[PDB]
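The data below hold one chain only, encoded as structure tokens and taken in the form deposited in one PDB entry.
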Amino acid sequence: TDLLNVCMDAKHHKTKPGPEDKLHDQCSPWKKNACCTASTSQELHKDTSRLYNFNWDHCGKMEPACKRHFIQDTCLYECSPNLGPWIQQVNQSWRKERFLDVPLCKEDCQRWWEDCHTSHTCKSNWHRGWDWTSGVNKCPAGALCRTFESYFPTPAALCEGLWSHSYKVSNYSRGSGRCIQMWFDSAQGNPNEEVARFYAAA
């Protein structure tokens, strides 16, 4: 119960979730109850935003169909008040907590992978090892640009590995209430509230 409606202790996160009428674009589905501020939501839509100086186009321009998923993931990461059950203490410099093994809906993972499989990257883990000497992440020594499929032969590889096991792939479907959706419309509420509620009780 102490795992429901909480914000993890990380760089830009608010202390406690609450309404944010002004959440920008892709993050707007979180507007009734968010862990991110309007400002965070607008900045995260920008290329190489000031949140992390992370450049999605480290291997040329990433296709929009692909980039929207990375934006969506960052919406979830910054805004979701429904990941408490997967929050772990990590004592890193830019976050005391992160989430780990969030049961991501199979199809969200599949779609992410399919939409990105033509785009390019130089690394299978995007958390550690970038060349930051320019102030923005660049491909480090030994890292060649390749298709996403090269670094991520399956959707599970992408969803599980790219952010250091933030997610595990869940064998449940999107409306099931047994897996976290990265994409949702929420007109009838945030579907992930029920998911957190369920796993908290296990």
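Note that the rigid core is defined as the largest set of C-alphas that superpose within 1.5 Å between two forms. One rule holds for the numbers: they count along the sequence shown, beginning at 1.
Beyond the structure shown, there is the form deposited in another entry, which is absent from this document and is the topic of what follows.
Peer 1: Report the residue, chosen from 145, 38, 65, 51, for which the CA moves 2 Å or more between this form and the one not shown after the rigid core is overlaid.
Peer 2: Once the cores are aligned, the residue moving by 2 Å or more is 51.
Peer 1: By 3 Å or more, the Cα spacing of residue 52 and residue 45 differs in the other entry; is it closer or farther than in this view?
Peer 2: Nearer in the other entry, by 3 Å or more.
Peer 1: Considering a change of 3 Å or more, are the Cα atoms of residue 52 and residue 22 closer or farther in the other entry than here?
Peer 2: Relative to this form, closer in the other entry.
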